[PDB]
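Engineer: Give me a model of this one.
(chains A and B)
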Amino acid sequence: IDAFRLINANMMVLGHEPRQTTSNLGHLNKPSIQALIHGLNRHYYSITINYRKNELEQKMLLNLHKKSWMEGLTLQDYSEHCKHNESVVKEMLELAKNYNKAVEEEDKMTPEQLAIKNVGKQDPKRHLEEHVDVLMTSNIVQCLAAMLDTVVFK
Amino acid sequence: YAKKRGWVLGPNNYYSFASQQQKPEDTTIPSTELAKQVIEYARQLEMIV
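Structural biologist: Numbers count the residues shown, from 1 in each chain, chains lettered A, B, ... in the order given. Below is the structure in question.
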């Protein structure tokens, strides 16, 4: 979204965009190439946009578009949760065997060059513990919500 | 032992009472401490950043 304003031709011997004592002109956009090919900057000029943004409209649009009350202690119970506990471990086994491969390799093939010529978003740390995080977050939030429902409901 | 304890000779028989416990167990009642025990796991993973 952008806003504009038509400039005169009477100031052809003077500075079009007659701007002055401020340093917030170089912000918000440099004049883009797809827009200065047209009447920028000799027919019209750009003008800055910020938003009259306030509380009681910010919070009612935050809290009402993304909210879940009774969902916060549901279970998604175990037939697909414990199934997903198989779904990650299996390739994590094979990716651990791939983690075995690079570490027992450990050759002086100029190892700062050996690490940089095989960046692949791959085994040793990238395709590692990322899975360990997902196994951790899924099982704790499952089991902690399970113990609370025993506590709360009788 | 008749005056200190029981063990009174009745009809040629000593009576020792049952010293048996009752064992009131649920053992899911470690639910608060088990929910507590999960919390310091995720705490010690995080919080050192």
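Engineer: could you list every residue that touches residue A:103?
Structural biologist: Counting by C-beta atoms under 8 Å, 6 or more residues apart in numbering or on different chains, residue A:103 touches residue A:124. For the C-beta atoms, the positions are set from N, CA and C on the backbone; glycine is no exception.
Engineer: now it: how far from residue A:145?
Structural biologist: Applying C-beta to C-beta, to the nearest Å, one obtains 37 Å for the distance of residue A:103 from residue A:145.
Engineer: Please list the residues outside stretch A:24-38 that contact it.
Structural biologist: So stretch A:24-38 is in contact with A:2, A:19, A:40, A:41, A:46, A:48, A:49, going by C-beta under 8 Å, 6+ apart.
Engineer: now swap in stretch A:93-100 and tell me
Structural biologist: A:123, A:124, A:127, A:128, A:131.
Engineer: What's the local residue count around the first one?
Structural biologist: Burial of residue A:123, expressed as a neighbour count using other C-beta atoms under 10 Å in any protein chain shown, amounts to 18.
Engineer: cool, and the second one?
Structural biologist: Burial measure for residue A:124: 14 neighbouring residues, criterion other C-beta under 10 Å.
Engineer: From what I see, it and residue A:102 are in contact.
Structural biologist: Yes - in this structure, residue A:124 is within contact of residue A:102 by C-beta atoms under 8 Å, at 5.5 Å.
Engineer: hang on, the earlier thing: export the contacts of stretch A:93-100 to a markdown table and tack on secondary structure and distance to residue A:64?
Structural biologist: Conversion of the contacts of stretch A:93-100 to a markdown table gives the following (DSSP: H, G, I helix; E, B strand; the rest coil; distance: C-beta to C-beta, whole Å):
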| residue | secondary structure | distance to residue A:64 |
| --- | --- | --- |
| A:123 | coil | 44 |
| A:124 | coil | 45 |
| A:127 | coil | 39 |
| A:128 | coil | 40 |
| A:131 | helix | 35 |
